[PDB]
Amino acid sequence: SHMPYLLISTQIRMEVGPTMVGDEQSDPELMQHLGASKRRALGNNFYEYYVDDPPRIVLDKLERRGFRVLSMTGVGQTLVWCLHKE
Amino acid sequence: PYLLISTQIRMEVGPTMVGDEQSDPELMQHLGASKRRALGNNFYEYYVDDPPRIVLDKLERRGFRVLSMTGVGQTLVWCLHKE
Amino acid sequence: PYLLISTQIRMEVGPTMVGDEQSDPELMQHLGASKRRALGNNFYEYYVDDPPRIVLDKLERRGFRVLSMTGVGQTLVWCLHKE
Amino acid sequence: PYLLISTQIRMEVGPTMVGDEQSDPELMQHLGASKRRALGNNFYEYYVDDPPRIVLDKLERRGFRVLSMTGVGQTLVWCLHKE
Amino acid sequence: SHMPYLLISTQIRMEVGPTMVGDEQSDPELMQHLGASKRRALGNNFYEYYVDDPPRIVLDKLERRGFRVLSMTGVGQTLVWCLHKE
Ligand SMILES: [K+]
Ligand SMILES: [K+]
Ligand SMILES: [K+]
Ligand SMILES: [K+]
Ligand SMILES: [K+]
């Protein structure tokens, strides 16, 4: 179902994918719209959604869906974007 | 009016820290938070098993908005404001 | 009009650095801040025992708003502006 | 209408990375960017020799505004939005 | 003279200078207004503008000149502020 907050991420380089676009409880229709695939990384008990696109492409698709970036941060070697439906 | 929440990577999974000892008990109860004292700390912390995206959606319904998100060590922190 | 405050992890516990040597003495007194000097520093700093969420709430009452929050090393820093 | 640009420290000197392989060729041309494939990468990147402050000013003239700036590794990244 | 964006920085501690306030192409009048001087770090072939003031002092001076902080970030042991003339 619809969720107003989204978290997306990519590891450096920022210009290339994959971009993580969702967790197990993400909107399946939105994940399908992004062209995302579902997988379970080694050691995780949860599925994650990801796309081969770089984050700029994902951000533009999310903008057309009504999402806006509220914040971006780095942690480890990962860039994370926090978006909100507004 | 201000809230600080956090999770360690992975961002898609909990636990999420949702409060310090002086947090509003009613808001903590609304989030379904548990209270615990980590080893070595003399203060209680409120936490939930939910990932941060779930907590952010619950706080949005309570009038909070994310002002900023940052990384420190291996932790992601969100600063929210009631407005 | 600008303020910089900080705390080291854990974010839920103090001390919180609330000023440099040239900070507004009246605002530092209002926050209940004390002066201290780190061993290798030739300057005084203002600090409170409160965690940063408590300081942020006191600063909102004085007309300050968080514009940005970031991590550096093991420190969380907030940049506030009086609006 | 989002953009991501970056530079490694020092922030006062280029090169500034201004685009990925699928970036708007007109905007890349407006920035005076060159296209190259770094050693070991299968993708092309757009870059300029200018420091990021110069790039930010050029993007401002095309209606872009910085929403966020962050550090990761030894890289500074800016996220801009056409607004 | 028109500087839509500014980048300033200091290394920790944030309560003490020097604060880097410009690159070689910065407006000399704004640099003079801040009381900035030029310096060259050993490894750089370019000069930078700096002040002995901590960043809070610089932010207040820039606020009086029409600048507003849009973002602040840490990278390595440096704090950087991105300001926009608005
Ligand atoms: K990437
Ligand atoms: K987590
Ligand atoms: K602390
Ligand atoms: K650079
Ligand atoms: K400093």
# chains A, B, ... in the order shown; residues from 1 in each chain; ligands from 1
$ residues_near_ligand --ligand "ligand 1" --cutoff "7 Å" --atoms "only C-alpha atoms and all ligand atoms" --output "count of residues only"
11
$ residues_around --residues "residue 56 of chain C" --least-positions-apart "4" --cutoff "8 Å" --atoms "only C-alpha atoms" --output "list in words"
residues 2 of chain B; 52, 60 and 66 of chain C
$ write_last_selection --atoms "N, CA and C atoms" --output "JSON list (two decimals), in the first residue's frame"
[["chain", "number", "residue", "atom", "x", "y", "z"],
["B", 2, "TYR", "N", 10.78, 19.07, 18.95],
["B", 2, "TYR", "CA", 11.82, 18.36, 18.17],
["B", 2, "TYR", "C", 11.92, 16.90, 18.55],
["C", 52, "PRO", "N", 20.88, 17.08, 23.39],
["C", 52, "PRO", "CA", 20.52, 18.09, 22.38],
["C", 52, "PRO", "C", 19.04, 18.32, 22.13],
["C", 60, "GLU", "N", 14.06, 26.86, 20.35],
["C", 60, "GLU", "CA", 12.84, 27.20, 19.58],
["C", 60, "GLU", "C", 12.06, 28.31, 20.34],
["C", 66, "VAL", "N", 16.09, 24.87, 13.45],
["C", 66, "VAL", "CA", 17.15, 24.04, 12.89],
["C", 66, "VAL", "C", 17.11, 24.16, 11.37]]
$ closest_atom_pairs --of "chain D" --to "chain B" --cutoff "12 Å" --atoms "only C-alpha atoms" --output "JSON lines"
{"residue": "D:67", "atom": "CA", "partner": "B:68", "partner_atom": "CA", "distance": 10.7}
{"residue": "D:68", "atom": "CA", "partner": "B:68", "partner_atom": "CA", "distance": 9.2}
{"residue": "D:69", "atom": "CA", "partner": "B:70", "partner_atom": "CA", "distance": 10.5}
{"residue": "D:70", "atom": "CA", "partner": "B:70", "partner_atom": "CA", "distance": 8.3}
{"residue": "D:71", "atom": "CA", "partner": "B:71", "partner_atom": "CA", "distance": 9.2}
{"residue": "D:72", "atom": "CA", "partner": "B:71", "partner_atom": "CA", "distance": 9.2}
{"residue": "D:73", "atom": "CA", "partner": "B:71", "partner_atom": "CA", "distance": 11.8}
$ calpha_fit_and_write --fixed "chain E" --moving "chain A" --output "mmCIF file with N, CA and C atoms, in the first residue's frame"
data_model
loop_
_atom_site.group_PDB
_atom_site.id
_atom_site.type_symbol
_atom_site.label_atom_id
_atom_site.label_comp_id
_atom_site.auth_asym_id
_atom_site.auth_seq_id
_atom_site.Cartn_x
_atom_site.Cartn_y
_atom_site.Cartn_z
ATOM 1 N N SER A 1 33.847 39.327 -8.674
ATOM 2 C CA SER A 1 32.454 39.741 -8.856
ATOM 3 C C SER A 1 31.506 38.921 -7.962
ATOM 4 N N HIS A 2 30.248 39.367 -7.819
ATOM 5 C CA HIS A 2 29.274 38.684 -6.973
ATOM 6 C C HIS A 2 28.995 37.233 -7.376
ATOM 7 N N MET A 3 28.883 36.354 -6.382
ATOM 8 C CA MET A 3 28.520 34.968 -6.614
ATOM 9 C C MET A 3 27.438 34.544 -5.630
ATOM 10 N N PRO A 4 26.308 34.029 -6.134
ATOM 11 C CA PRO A 4 25.198 33.697 -5.247
ATOM 12 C C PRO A 4 25.449 32.508 -4.319
ATOM 13 N N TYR A 5 26.311 31.548 -4.697
ATOM 14 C CA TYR A 5 26.609 30.443 -3.786
ATOM 15 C C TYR A 5 27.924 30.645 -3.082
ATOM 16 N N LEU A 6 27.979 30.275 -1.807
ATOM 17 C CA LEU A 6 29.211 30.316 -1.044
ATOM 18 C C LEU A 6 29.415 28.966 -0.355
ATOM 19 N N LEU A 7 30.673 28.579 -0.179
ATOM 20 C CA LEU A 7 31.024 27.405 0.599
ATOM 21 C C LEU A 7 31.990 27.900 1.650
ATOM 22 N N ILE A 8 31.702 27.612 2.926
ATOM 23 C CA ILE A 8 32.625 27.949 3.998
ATOM 24 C C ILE A 8 32.920 26.659 4.776
ATOM 25 N N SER A 9 34.062 26.590 5.461
ATOM 26 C CA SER A 9 34.397 25.368 6.204
ATOM 27 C C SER A 9 35.312 25.623 7.357
ATOM 28 N N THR A 10 35.306 24.714 8.319
ATOM 29 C CA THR A 10 36.252 24.732 9.424
ATOM 30 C C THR A 10 36.479 23.285 9.821
ATOM 31 N N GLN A 11 37.653 23.000 10.355
ATOM 32 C CA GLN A 11 37.885 21.682 10.902
ATOM 33 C C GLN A 11 37.442 21.720 12.366
ATOM 34 N N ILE A 12 37.165 20.551 12.958
ATOM 35 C CA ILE A 12 36.855 20.507 14.392
ATOM 36 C C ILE A 12 38.099 20.981 15.199
ATOM 37 N N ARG A 13 37.927 21.794 16.264
ATOM 38 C CA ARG A 13 36.673 22.185 16.899
ATOM 39 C C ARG A 13 35.867 23.223 16.131
ATOM 40 N N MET A 14 34.527 23.076 16.102
ATOM 41 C CA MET A 14 33.678 24.050 15.412
ATOM 42 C C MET A 14 33.684 25.441 16.076
ATOM 43 N N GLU A 15 34.060 25.524 17.360
ATOM 44 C CA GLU A 15 34.039 26.785 18.102
ATOM 45 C C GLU A 15 35.217 27.697 17.833
ATOM 46 N N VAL A 16 36.208 27.228 17.060
ATOM 47 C CA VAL A 16 37.391 28.030 16.811
ATOM 48 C C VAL A 16 37.738 28.014 15.333
ATOM 49 N N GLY A 17 38.351 29.094 14.894
ATOM 50 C CA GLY A 17 38.808 29.203 13.530
ATOM 51 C C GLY A 17 40.084 28.394 13.296
ATOM 52 N N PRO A 18 40.731 28.543 12.135
ATOM 53 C CA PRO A 18 40.328 29.391 11.017
ATOM 54 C C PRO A 18 39.105 28.839 10.272
ATOM 55 N N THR A 19 38.391 29.713 9.587
ATOM 56 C CA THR A 19 37.258 29.315 8.752
ATOM 57 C C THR A 19 37.654 29.658 7.311
ATOM 58 N N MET A 20 37.581 28.682 6.378
ATOM 59 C CA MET A 20 37.842 28.912 4.955
ATOM 60 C C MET A 20 36.595 29.603 4.428
ATOM 61 N N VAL A 21 36.745 30.761 3.802
ATOM 62 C CA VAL A 21 35.596 31.510 3.324
ATOM 63 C C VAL A 21 35.581 31.759 1.822
ATOM 64 N N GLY A 22 36.579 31.267 1.089
ATOM 65 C CA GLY A 22 36.615 31.474 -0.345
ATOM 66 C C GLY A 22 37.745 30.813 -1.098
ATOM 67 N N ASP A 23 37.556 30.737 -2.400
ATOM 68 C CA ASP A 23 38.501 30.165 -3.349
ATOM 69 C C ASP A 23 39.042 31.349 -4.185
ATOM 70 N N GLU A 24 39.953 31.090 -5.103
ATOM 71 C CA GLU A 24 40.567 32.107 -5.953
ATOM 72 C C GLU A 24 39.578 32.985 -6.722
ATOM 73 N N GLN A 25 38.421 32.420 -7.107
ATOM 74 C CA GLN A 25 37.430 33.178 -7.864
ATOM 75 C C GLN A 25 36.338 33.830 -7.001
ATOM 76 N N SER A 26 36.538 33.910 -5.674
ATOM 77 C CA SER A 26 35.565 34.526 -4.769
ATOM 78 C C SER A 26 35.516 36.055 -4.932
ATOM 79 N N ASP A 27 34.395 36.681 -4.539
ATOM 80 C CA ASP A 27 34.172 38.135 -4.590
ATOM 81 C C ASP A 27 35.200 38.790 -3.646
ATOM 82 N N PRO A 28 36.188 39.529 -4.222
ATOM 83 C CA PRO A 28 37.244 40.152 -3.397
ATOM 84 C C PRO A 28 36.737 41.141 -2.363
ATOM 85 N N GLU A 29 35.669 41.869 -2.708
ATOM 86 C CA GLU A 29 35.057 42.841 -1.815
ATOM 87 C C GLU A 29 34.408 42.109 -0.629
ATOM 88 N N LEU A 30 33.718 41.001 -0.890
ATOM 89 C CA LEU A 30 33.093 40.216 0.173
ATOM 90 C C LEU A 30 34.192 39.626 1.093
ATOM 91 N N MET A 31 35.284 39.150 0.510
ATOM 92 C CA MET A 31 36.404 38.593 1.278
ATOM 93 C C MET A 31 37.023 39.658 2.181
ATOM 94 N N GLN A 32 37.169 40.878 1.652
ATOM 95 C CA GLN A 32 37.680 42.008 2.403
ATOM 96 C C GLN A 32 36.712 42.389 3.532
ATOM 97 N N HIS A 33 35.402 42.366 3.261
ATOM 98 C CA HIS A 33 34.361 42.652 4.249
ATOM 99 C C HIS A 33 34.462 41.681 5.436
ATOM 100 N N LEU A 34 34.733 40.407 5.160
ATOM 101 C CA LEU A 34 34.875 39.382 6.200
ATOM 102 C C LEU A 34 36.197 39.494 6.986
ATOM 103 N N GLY A 35 37.132 40.310 6.532
ATOM 104 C CA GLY A 35 38.442 40.430 7.152
ATOM 105 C C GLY A 35 39.333 39.254 6.777
ATOM 106 N N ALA A 36 39.095 38.648 5.610
ATOM 107 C CA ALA A 36 39.850 37.488 5.173
ATOM 108 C C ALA A 36 41.239 37.771 4.633
ATOM 109 N N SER A 37 42.135 36.821 4.839
ATOM 110 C CA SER A 37 43.484 36.857 4.314
ATOM 111 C C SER A 37 43.562 35.824 3.185
ATOM 112 N N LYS A 38 44.486 36.038 2.265
ATOM 113 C CA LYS A 38 44.649 35.168 1.114
ATOM 114 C C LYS A 38 45.965 34.421 1.267
ATOM 115 N N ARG A 39 45.958 33.100 1.054
ATOM 116 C CA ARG A 39 47.175 32.313 1.132
ATOM 117 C C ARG A 39 47.118 31.123 0.173
ATOM 118 N N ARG A 40 48.276 30.540 -0.117
ATOM 119 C CA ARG A 40 48.338 29.364 -0.951
ATOM 120 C C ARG A 40 48.900 28.271 -0.079
ATOM 121 N N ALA A 41 48.081 27.269 0.248
ATOM 122 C CA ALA A 41 48.539 26.159 1.068
ATOM 123 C C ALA A 41 49.587 25.352 0.308
ATOM 124 N N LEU A 42 50.475 24.701 1.055
ATOM 125 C CA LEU A 42 51.546 23.874 0.526
ATOM 126 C C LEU A 42 50.974 22.784 -0.397
ATOM 127 N N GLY A 43 51.497 22.706 -1.614
ATOM 128 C CA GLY A 43 51.012 21.744 -2.585
ATOM 129 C C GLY A 43 49.841 22.195 -3.440
ATOM 130 N N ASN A 44 49.199 23.346 -3.119
ATOM 131 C CA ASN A 44 48.079 23.818 -3.928
ATOM 132 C C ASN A 44 48.533 24.845 -4.939
ATOM 133 N N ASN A 45 47.956 24.825 -6.143
ATOM 134 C CA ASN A 45 48.270 25.852 -7.139
ATOM 135 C C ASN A 45 47.259 27.020 -7.107
ATOM 136 N N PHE A 46 46.292 26.983 -6.166
ATOM 137 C CA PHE A 46 45.263 27.994 -6.009
ATOM 138 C C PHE A 46 45.346 28.669 -4.644
ATOM 139 N N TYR A 47 44.878 29.907 -4.591
ATOM 140 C CA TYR A 47 44.807 30.666 -3.359
ATOM 141 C C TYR A 47 43.467 30.407 -2.680
ATOM 142 N N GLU A 48 43.463 30.475 -1.362
ATOM 143 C CA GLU A 48 42.252 30.322 -0.569
ATOM 144 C C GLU A 48 42.116 31.528 0.354
ATOM 145 N N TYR A 49 40.875 31.895 0.682
ATOM 146 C CA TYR A 49 40.615 32.971 1.616
ATOM 147 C C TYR A 49 40.199 32.352 2.931
ATOM 148 N N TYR A 50 40.694 32.902 4.034
ATOM 149 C CA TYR A 50 40.363 32.383 5.359
ATOM 150 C C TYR A 50 40.299 33.514 6.381
ATOM 151 N N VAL A 51 39.583 33.289 7.470
ATOM 152 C CA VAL A 51 39.477 34.217 8.581
ATOM 153 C C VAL A 51 39.837 33.492 9.851
ATOM 154 N N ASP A 52 40.280 34.229 10.869
ATOM 155 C CA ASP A 52 40.584 33.627 12.154
ATOM 156 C C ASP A 52 39.326 33.340 12.987
ATOM 157 N N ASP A 53 38.181 33.918 12.616
ATOM 158 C CA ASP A 53 36.920 33.753 13.335
ATOM 159 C C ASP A 53 36.361 32.334 13.236
ATOM 160 N N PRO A 54 35.577 31.917 14.256
ATOM 161 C CA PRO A 54 34.866 30.642 14.148
ATOM 162 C C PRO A 54 33.685 30.779 13.180
ATOM 163 N N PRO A 55 33.197 29.666 12.629
ATOM 164 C CA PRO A 55 32.095 29.752 11.645
ATOM 165 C C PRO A 55 30.808 30.439 12.103
ATOM 166 N N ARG A 56 30.408 30.400 13.398
ATOM 167 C CA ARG A 56 29.187 31.102 13.833
ATOM 168 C C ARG A 56 29.287 32.622 13.529
ATOM 169 N N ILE A 57 30.476 33.211 13.750
ATOM 170 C CA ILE A 57 30.735 34.635 13.501
ATOM 171 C C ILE A 57 30.624 34.917 12.007
ATOM 172 N N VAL A 58 31.203 34.039 11.174
ATOM 173 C CA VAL A 58 31.163 34.198 9.719
ATOM 174 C C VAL A 58 29.728 34.101 9.209
ATOM 175 N N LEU A 59 28.951 33.123 9.718
ATOM 176 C CA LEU A 59 27.562 32.934 9.327
ATOM 177 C C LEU A 59 26.741 34.186 9.628
ATOM 178 N N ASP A 60 26.947 34.813 10.799
ATOM 179 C CA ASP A 60 26.220 36.033 11.166
ATOM 180 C C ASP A 60 26.594 37.184 10.219
ATOM 181 N N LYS A 61 27.880 37.319 9.859
ATOM 182 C CA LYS A 61 28.294 38.366 8.915
ATOM 183 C C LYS A 61 27.675 38.111 7.544
ATOM 184 N N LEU A 62 27.623 36.827 7.116
ATOM 185 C CA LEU A 62 27.043 36.492 5.817
ATOM 186 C C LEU A 62 25.538 36.687 5.763
ATOM 187 N N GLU A 63 24.855 36.495 6.894
ATOM 188 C CA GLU A 63 23.419 36.720 7.008
ATOM 189 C C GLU A 63 23.113 38.207 6.736
ATOM 190 N N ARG A 64 23.927 39.114 7.301
ATOM 191 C CA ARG A 64 23.759 40.555 7.076
ATOM 192 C C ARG A 64 23.997 40.954 5.611
ATOM 193 N N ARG A 65 24.739 40.123 4.851
ATOM 194 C CA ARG A 65 25.006 40.308 3.428
ATOM 195 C C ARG A 65 23.958 39.627 2.521
ATOM 196 N N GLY A 66 22.897 39.086 3.095
ATOM 197 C CA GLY A 66 21.841 38.443 2.327
ATOM 198 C C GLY A 66 21.988 36.953 2.089
ATOM 199 N N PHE A 67 22.994 36.310 2.701
ATOM 200 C CA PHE A 67 23.177 34.865 2.508
ATOM 201 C C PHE A 67 22.422 34.049 3.531
ATOM 202 N N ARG A 68 21.960 32.875 3.117
ATOM 203 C CA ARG A 68 21.251 31.953 4.002
ATOM 204 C C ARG A 68 21.872 30.566 3.869
ATOM 205 N N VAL A 69 22.029 29.859 5.000
ATOM 206 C CA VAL A 69 22.551 28.509 4.984
ATOM 207 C C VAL A 69 21.489 27.599 4.373
ATOM 208 N N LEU A 70 21.833 26.886 3.305
ATOM 209 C CA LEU A 70 20.921 25.894 2.724
ATOM 210 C C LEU A 70 21.264 24.492 3.254
ATOM 211 N N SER A 71 22.544 24.249 3.578
ATOM 212 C CA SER A 71 22.957 22.950 4.062
ATOM 213 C C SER A 71 24.266 23.018 4.822
ATOM 214 N N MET A 72 24.468 22.059 5.726
ATOM 215 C CA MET A 72 25.695 21.913 6.490
ATOM 216 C C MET A 72 26.024 20.430 6.458
ATOM 217 N N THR A 73 27.304 20.070 6.286
ATOM 218 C CA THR A 73 27.670 18.658 6.339
ATOM 219 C C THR A 73 29.070 18.442 6.930
ATOM 220 N N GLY A 74 29.348 17.225 7.338
ATOM 221 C CA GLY A 74 30.670 16.836 7.776
ATOM 222 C C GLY A 74 31.318 15.973 6.706
ATOM 223 N N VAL A 75 32.636 16.075 6.553
ATOM 224 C CA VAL A 75 33.405 15.203 5.651
ATOM 225 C C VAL A 75 34.812 15.166 6.256
ATOM 226 N N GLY A 76 35.365 13.974 6.503
ATOM 227 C CA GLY A 76 36.665 13.866 7.164
ATOM 228 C C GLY A 76 36.582 14.420 8.577
ATOM 229 N N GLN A 77 37.359 15.471 8.858
ATOM 230 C CA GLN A 77 37.234 16.173 10.149
ATOM 231 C C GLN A 77 36.806 17.652 9.914
ATOM 232 N N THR A 78 36.146 17.912 8.770
ATOM 233 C CA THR A 78 35.731 19.232 8.358
ATOM 234 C C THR A 78 34.211 19.384 8.376
ATOM 235 N N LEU A 79 33.739 20.551 8.791
ATOM 236 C CA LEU A 79 32.340 20.934 8.721
ATOM 237 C C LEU A 79 32.245 21.940 7.566
ATOM 238 N N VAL A 80 31.294 21.753 6.661
ATOM 239 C CA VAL A 80 31.119 22.635 5.511
ATOM 240 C C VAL A 80 29.720 23.222 5.535
ATOM 241 N N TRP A 81 29.573 24.521 5.211
ATOM 242 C CA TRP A 81 28.265 25.161 5.098
ATOM 243 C C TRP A 81 28.107 25.639 3.656
ATOM 244 N N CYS A 82 26.938 25.403 3.064
ATOM 245 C CA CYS A 82 26.635 25.857 1.708
ATOM 246 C C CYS A 82 25.606 26.969 1.865
ATOM 247 N N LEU A 83 25.945 28.204 1.447
ATOM 248 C CA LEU A 83 25.054 29.354 1.573
ATOM 249 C C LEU A 83 24.622 29.867 0.216
ATOM 250 N N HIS A 84 23.448 30.514 0.174
ATOM 251 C CA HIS A 84 22.907 31.058 -1.051
ATOM 252 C C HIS A 84 22.379 32.468 -0.807
ATOM 253 N N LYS A 85 22.629 33.375 -1.747
ATOM 254 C CA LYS A 85 22.180 34.760 -1.621
ATOM 255 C C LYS A 85 20.701 34.802 -1.911
ATOM 256 N N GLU A 86 19.894 34.983 -0.847
ATOM 257 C CA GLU A 86 18.440 35.055 -0.896
ATOM 258 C C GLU A 86 17.938 35.713 0.383
#
$ residues_near_ligand --ligand "ligand 3" --cutoff "7 Å" --atoms "only C-alpha atoms and all ligand atoms" --output "VMD selection string"
chain C and resid 7 to 16 51
$ write_last_selection --atoms "N, CA and C atoms" --output "short mmCIF file (atom, residue, chain, number, x, y, z; two decimals), in the first residue's frame"
data_model
loop_
_atom_site.label_atom_id
_atom_site.label_comp_id
_atom_site.auth_asym_id
_atom_site.auth_seq_id
_atom_site.Cartn_x
_atom_site.Cartn_y
_atom_site.Cartn_z
N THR C 7 26.75 17.42 20.05
CA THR C 7 26.94 16.40 21.06
C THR C 7 27.64 15.23 20.39
N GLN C 8 28.38 14.45 21.18
CA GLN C 8 28.95 13.23 20.63
C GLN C 8 27.94 12.12 20.85
N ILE C 9 28.02 11.04 20.06
CA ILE C 9 27.13 9.90 20.29
C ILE C 9 27.38 9.32 21.71
N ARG C 10 26.34 8.94 22.46
CA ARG C 10 24.94 8.82 22.08
C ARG C 10 24.21 10.17 21.98
N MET C 11 23.34 10.31 20.98
CA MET C 11 22.57 11.55 20.81
C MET C 11 21.56 11.80 21.95
N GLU C 12 21.18 10.76 22.69
CA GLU C 12 20.19 10.87 23.75
C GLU C 12 20.73 11.40 25.08
N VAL C 13 22.04 11.60 25.19
CA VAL C 13 22.64 12.06 26.43
C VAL C 13 23.60 13.22 26.18
N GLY C 14 23.71 14.09 27.17
CA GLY C 14 24.63 15.21 27.12
C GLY C 14 26.07 14.75 27.36
N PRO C 15 27.03 15.69 27.50
CA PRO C 15 26.87 17.14 27.42
C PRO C 15 26.64 17.61 25.98
N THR C 16 26.04 18.79 25.86
CA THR C 16 25.81 19.42 24.57
C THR C 16 26.64 20.71 24.57
N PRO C 51 20.73 16.66 27.04
CA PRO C 51 20.90 16.13 25.68
C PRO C 51 20.44 17.19 24.65
#
$ select_by_dssp --residues "chain A" --states "strand (DSSP E or B)" --output "VMD selection string"
chain A and resid 5 to 11 19 to 23 37 to 39 48 to 51 67 to 75 78 to 85
$ residues_around --residues "residue 82 of chain C" --least-positions-apart "2" --cutoff "7 Å" --atoms "only C-alpha atoms" --output "MDAnalysis selection string"
chainID C and resid 1:2 63:65 80
$ write_last_selection --atoms "N, CA and C atoms" --output "short mmCIF file (atom, residue, chain, number, x, y, z; two decimals), in the first residue's frame"
data_model
loop_
_atom_site.label_atom_id
_atom_site.label_comp_id
_atom_site.auth_asym_id
_atom_site.auth_seq_id
_atom_site.Cartn_x
_atom_site.Cartn_y
_atom_site.Cartn_z
N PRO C 1 22.33 35.91 14.59
CA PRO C 1 21.22 35.07 14.13
C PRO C 1 21.57 33.59 14.00
N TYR C 2 22.86 33.20 13.90
CA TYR C 2 23.20 31.76 13.76
C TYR C 2 23.73 31.13 15.03
N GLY C 63 13.15 31.65 19.44
CA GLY C 63 12.99 32.00 18.04
C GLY C 63 13.93 31.33 17.06
N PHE C 64 14.69 30.32 17.50
CA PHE C 64 15.63 29.63 16.62
C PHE C 64 15.00 28.42 15.93
N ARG C 65 15.43 28.14 14.71
CA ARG C 65 14.95 26.99 13.96
C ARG C 65 16.15 26.21 13.41
N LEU C 80 21.44 26.29 13.72
CA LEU C 80 20.15 26.95 13.91
C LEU C 80 20.22 28.41 13.48
#
$ select_by_dssp --residues "chain E" --states "alpha helix (DSSP H)" --output "VMD selection string"
chain E and resid 28 to 33 55 to 64
$ closest_residue --among "D:28, D:48, D:4, D:54" --to "chain E" --atoms "only C-alpha atoms"
D:54
$ closest_residue --among "C:59, C:27, C:3, C:39" --to "chain E" --atoms "only C-alpha atoms"
C:3
$ atom_distance --atom1 "atom CA of residue 81 of chain D" --atom2 "atom CA of residue 61 of chain D"
12.5 Å
$ decode --residues "segment 3-28 of chain D" --atoms "C-alpha atoms" --output "compact mmCIF listing (two decimals), in the first residue's frame"
# COMPACT_ATOMS: atom_id res chain seq x y z
CA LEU D 3 20.84 16.78 -10.29
CA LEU D 4 23.77 15.31 -8.40
CA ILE D 5 27.20 16.94 -8.55
CA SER D 6 30.35 16.13 -6.56
CA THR D 7 33.98 16.95 -5.87
CA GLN D 8 36.58 15.38 -3.64
CA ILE D 9 38.29 17.55 -1.02
CA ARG D 10 39.58 20.24 -1.48
CA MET D 11 36.17 21.81 -2.11
CA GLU D 12 37.86 24.92 -3.63
CA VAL D 13 39.25 23.08 -6.66
CA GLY D 14 37.87 20.85 -9.38
CA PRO D 15 37.25 18.57 -11.11
CA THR D 16 33.53 18.56 -10.39
CA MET D 17 31.52 15.51 -11.52
CA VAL D 18 28.36 16.89 -13.10
CA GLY D 19 26.62 13.92 -14.74
CA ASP D 20 26.16 10.24 -15.45
CA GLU D 21 25.87 8.57 -18.92
CA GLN D 22 22.16 9.46 -19.27
CA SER D 23 22.49 13.14 -18.25
CA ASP D 24 20.82 15.93 -20.27
CA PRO D 25 23.34 16.65 -23.09
CA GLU D 26 22.18 20.27 -23.38
CA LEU D 27 22.75 20.93 -19.66
CA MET D 28 26.17 19.18 -19.87
